[PDB]
Every structure is written in C-alpha cells, then in structure tokens.
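Trainee: before I ask anything, here's the sequence and the deposited coordinates:
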Amino acid sequence: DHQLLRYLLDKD
Amino acid sequence: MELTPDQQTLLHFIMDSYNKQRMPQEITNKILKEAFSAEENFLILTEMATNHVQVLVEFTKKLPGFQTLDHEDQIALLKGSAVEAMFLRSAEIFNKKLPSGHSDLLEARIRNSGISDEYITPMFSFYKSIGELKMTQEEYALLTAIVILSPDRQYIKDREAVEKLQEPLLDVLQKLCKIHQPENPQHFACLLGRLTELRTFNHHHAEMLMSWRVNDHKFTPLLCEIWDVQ
Ligand SMILES: O=C(NC1CCCCC1)[C@H](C1CCCCC1)n1c(-c2ccc(Cl)cc2)nc2ccccc21
C-alpha cells in the first residue's frame, strides 16, 4: 500500500 | 544566452538540497578500507540504499512545485525514479576523483561484492558511459531532479502538471552544458540519452538483488515498498 512512502511525503 | 537571476536561484537552491546527501568519501572509504564478504556487502547495500531513499524523498519534496502535485502522483513519481536515482548516484560516486590505483580497487571490490556476473556487465557499462561525460556536481543534481520529475512515468494521472515542473530544470541543464562544454555541441543530448539507459535498471532490479550471492535476502520495510522484493 506504500504507507511508509506516503508518511514521508506528508509529515516526515 | 546566460542564466537568468531566477535560473541561478533554482540552480543554487537545487544544489543546496542535493548536498544534503551522504558524502561520496564516506562510501568509497569503507569499500576500499577492507574486503567484506558478500553477506556483509549485501547488508551495506541495504543500509546505504535505505538512507538514500530517505534523503531522496526530502530532496524530492523540496523540488519547486512537487508539493502542489496530486498526492497519488507524488507517490507514483518517487516510486518510479527511486531505483534510477540510486544508480545515478552510484555512477557519480564511482567516477569521483580518487588517489591513483584506488579507482581500480573500488571497481574490483564492487565487481566481487557478491553481485551476479549477469548484472556486473550492464552496471559498469553505464558507469563508464557516465564517466565519459565529465559531468559536474550541478549536472548530476539537475539530472537527478529531471529523472524524478519524469512525466512519461507509469500511473501518472496528470502528466501536464509534471511536465511544467521538469521544463525549467531541462532549460537550466541545457544552458549549463552549452557553457561548461562549448566544444561538445552534443553534451546535453548525450546526458539525456543516458537516462534511457538508466531506465533499463528498473525491469531487472529485483532479479539483480535476489540473485546476490548470499543465502538470505532480507530488506528494510522501506526498501520493500520502493523496490519490488520480499
Ligand atoms: O553502496 C552502494 N551504493 C549506494 C546506493 C545508494 C547511493 C549511494 C551508493 C554500492 C556498494 C558497492 C560495493 C558493495 C556494497 C554496495 N554501490 C553500487 C551498487 C552496486 C549494486 C547495486 Cl544493486 C546498487 C549499487 N555501485 C557503486 C559505485 C560506487 C560506490 C558504491 C557503489
């Protein structure tokens, strides 16, 4: 689901 | 003809963000220092690659305009360029000036890192092709930005938005090439040509890693998302 990437792209 | 005030701002700004990367000396130092087993090397790769992706994300987020892109396109851009950016950074480090002989040692270390012979050939073929271009630090940085903001990437829904962001970087790069290398009126086109060769590392990247001459292939959670493994 790429949730790690999504997190880094939002609030580090 | 020459870089506008805005184009110099963009260049310097992008250069500042690019410098936040793990310094080239750090990588080559550890490789030359002592021969590691294919097991230790694989583990060095995963840790190096995990750090690279983390910094790449921060670099991407600071690219002018990237924040205003559709959230799913943001993901699509990073996921589609992560591997290419990593090999481009490897190429830069590989062709960086080192004391006499060291370059032969580094190449020898990597050649016997545990990576399959099947993939040793194309990788060095690309590395050498890059070295012949006498690229500068500003060129690597721009090219990496151009790689990331590729509109012709898969799953991208709004390609025009990405194009708008890639154009100014290409213009700057083009001016740089026509200045730092006036003798070669093919430098810019040749830089863009290596990007297509860079894309070939996408398809057989997973096979390249799984074929590493080790018994266990464990990756970090972040690498599993960005790469297509485990
Ligand atoms: O640490 C590394 N890369 C970092 C990736 C992230 C960016 C920084 C560089 C490895 C290193 C080689 C030796 C064995 C351990 C791993 N590495 C590679 C490379 C080899 C195979 C794959 Cl599949 C990918 C990259 N090409 C290099 C050229 C020069 C120096 C190091 C280089």
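Mentor: Good, I have the coordinates. Residues are numbered from 1 along each chain as shown, chains lettered A, B, ... in the order given.
Trainee: in what helix or strand does residue A:12 lie?
Mentor: Residue A:12 belongs to no helix or strand when elements are defined using DSSP states H and E.
Trainee: what about it, how many neighbours?
Mentor: A total of 9 residues lie near residue A:12 under the criterion other CB atoms under 10 Å in any protein chain shown. Using the backbone N, CA and C atoms, a C-beta is placed for each residue, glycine as well.
Trainee: how close does it sit to the ligand?
Mentor: Separation of residue A:12 from the ligand (CB to the nearest ligand atom, to the nearest Å): 20 Å.
Trainee: once you drop chain neighbours, what's closest to whatever residue of chain B ends up closest to chain A?
Mentor: When scored by CB to the nearest CB, chain B has residue B:57 as its residue closest to chain A, at 4.6 Å. Spatial nearest neighbour of residue B:57, excluding adjacent residues (CB to CB, 6 or more residues apart in numbering or on different chains): residue A:8 at 4.6 Å.
Trainee: ok, residue B:126 to residue B:2 distance?
Mentor: To residue B:2, residue B:126 is 32 Å away according to CB to CB, to the nearest Å.
Trainee: one step back: what residues are up against the residue of chain B closest to chain A?
Mentor: Going by CB atoms under 8 Å, 6 or more residues apart in numbering or on different chains, residue B:57 touches A:5, A:8, A:9, B:78.
Trainee: nearest to the ligand among the residues you listed?
Mentor: Comparing those against the ligand with CB to the nearest ligand atom places residue B:78 closest, at 14.9 Å.
Trainee: count the neighbours of that closest one for me.
Mentor: For residue B:78, using other CB under 10 Å, the count is 25.
Trainee: what do you get for the one 4 residues further on?
Mentor: Other residues within reach of residue B:82, judged by other CB under 10 Å, total 25.
Trainee: good, we can wrap up now.
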